[PDB]
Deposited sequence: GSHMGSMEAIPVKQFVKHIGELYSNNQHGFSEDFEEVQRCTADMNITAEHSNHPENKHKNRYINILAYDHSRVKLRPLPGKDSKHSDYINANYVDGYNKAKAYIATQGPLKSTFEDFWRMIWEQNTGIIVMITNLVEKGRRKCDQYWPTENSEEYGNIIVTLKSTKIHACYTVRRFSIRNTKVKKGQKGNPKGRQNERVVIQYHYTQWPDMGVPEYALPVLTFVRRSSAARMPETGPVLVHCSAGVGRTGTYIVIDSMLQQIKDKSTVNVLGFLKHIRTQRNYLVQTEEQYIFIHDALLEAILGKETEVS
């Protein structure tokens, strides 16, 4: 793939912005087409017994990359969750990208976290936004809550200006494990954040919390495609920057688009990614 040095990438952002952002539009349209003929299937997401398990009837999880739940005694689709493995920088399946859990999928959600040996949760949405319900609260407001066989206890809450951190312990009833949730709280109702700094701080800190060598970091928003994808791209590229001082947003994005539908859902989010990477490069 075609990694470009930071210096050239910075000049490249200037060009994508030029002529009324003509290059961003050109890129994003490439991204929107890039899997159109791959007949990538999602039969499990569509199967009727899994309909209530999907937050949006049209936001699916490709079969080849879906995160499978271990089967359970009694349904045959007990293995399904609207979630996908997504690659990060130099590490396959660095993330699980998933929708915001439904009350009906709370058990499946924690069992996935248990079964995947997940330690970090990234939540890039508020529960409600602009009157509209985006995600259901899958964690105890305080103390402990039980979701099937996993009991989740809230151990600490730190509120920051732009995001909150919550430390949970989870135990399987067949405290044993630590799961930390990074919950970005200052994302606007309509569109993308006006300043990338707060998001870059959120990305860097929630990324560093990833301890060796643990399960995939779970990233969700509402549908788990837009902001989720935006986070995954920014994180991976920061890491490529630290590592090689190169960047390749378009090629990485076209790649992960094979792993979940709609990752980085809008051109506005795609532009944002570049503004964010530019500020990071101009900083340190």
Should a student be asked to find the unmodelled regions, what ranges of the deposited sequence would be the right answer here?
1-6, 81-82, 183-195, 306-310
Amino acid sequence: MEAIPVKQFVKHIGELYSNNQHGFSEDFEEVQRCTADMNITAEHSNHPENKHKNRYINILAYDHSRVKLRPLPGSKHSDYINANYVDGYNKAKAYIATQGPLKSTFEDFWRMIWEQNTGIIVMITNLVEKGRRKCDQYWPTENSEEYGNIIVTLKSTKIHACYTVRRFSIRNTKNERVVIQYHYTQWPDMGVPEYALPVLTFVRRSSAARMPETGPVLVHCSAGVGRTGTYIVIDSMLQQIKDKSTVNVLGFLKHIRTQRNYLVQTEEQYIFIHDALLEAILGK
From here on, numbers count along this sequence of modelled residues.
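For clarity, a rigid core is taken as the largest C-alpha set superposing within 1.5 Å between two forms.
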Once everything is fitted on the core, do the CA positions of 35-43 or those of 49-57 lie farther from the shown form in 7 other deposited structures of this protein?
35-43
So if we fit everything on the core, which stretch drifts more in 7 other deposited structures of this protein, 183-191 or 93-101, C-alphas only?
183-191
Counting only other entries where the flanking residues are modelled, do a third or more lack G74?
yes
Looking at the deposited entry, does 142-150 or 201-209 carry the larger mean Cα B-factor?
142-150
Looking only at CA atoms, which has the higher mean B factor in the entry: 75-83 or 151-159?
75-83
Per the coordinate record, which of the options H220, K254, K244, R55 holds the highest CA temperature factor?
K244
Out of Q181, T125, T98, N175, highest CA B-factor residue:
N175
Chain-relative C-alpha B factor for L277 (record values, thirds): the lowest
How does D37 rank on Cα B-factor within its chain, lowest, middle or highest third?
highest
In terms of the CA temperature factor given in the entry, to which third of its chain does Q259 belong: lowest, middle or highest?
middle
Which third, lowest, middle or highest, does the CA B-factor of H44 fall in along this chain?
highest
Chain-relative C-alpha B factor for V225 (record values, thirds): the lowest
